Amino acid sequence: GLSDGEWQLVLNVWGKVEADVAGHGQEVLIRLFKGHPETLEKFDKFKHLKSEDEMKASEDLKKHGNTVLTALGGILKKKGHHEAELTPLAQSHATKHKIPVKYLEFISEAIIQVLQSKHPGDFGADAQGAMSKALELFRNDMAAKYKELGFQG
């Protein structure tokens, strides 16, 4: 549960990611790969990128960042009523990609790091706390679906 006011600060800052979705997606995955290299091991398509210059050059890394943030935007706009948007994600991530929950935590922190670097002016103390609670609900709900799916890391 976030208040209505919190959901508003979340959608507001989300408006700035939507003015450049692939741009922000690409830096989130770089921040993630740079910050927890082990996460790169889950991506066949990218385990061959050896440096930040190669990641930056990567057209497919950019398309995938786009995918990720377009999926996450759809969830956020639901303001917590996102079961339907969430299921399919939990099903592939658990069964197919075998992504532990800690990895969800890693990407949540890269998302916040990107918004802080790119929009300091808009991403003050209030927007920061609201976005954190929004990503923390997303992860708690993903963890529970995992659980009913019979998994979890």
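Residue positions are given as counts along the sequence shown, with the first one as 1.
- Note on 125 to 133 vs 138 to 146: mean CA B-factor is higher in 138 to 146.
- Once the C-alpha B-factors are averaged per stretch, 109 to 117 and 31 to 39 rank with 31 to 39 first.
- Per the deposited coordinates, the residue with the largest Cα temperature factor out of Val68, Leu49, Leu61, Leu104 is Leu49.
- Among the modelled residues of the chain, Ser92 sits in the middle third by CA temperature factor in this PDB entry.
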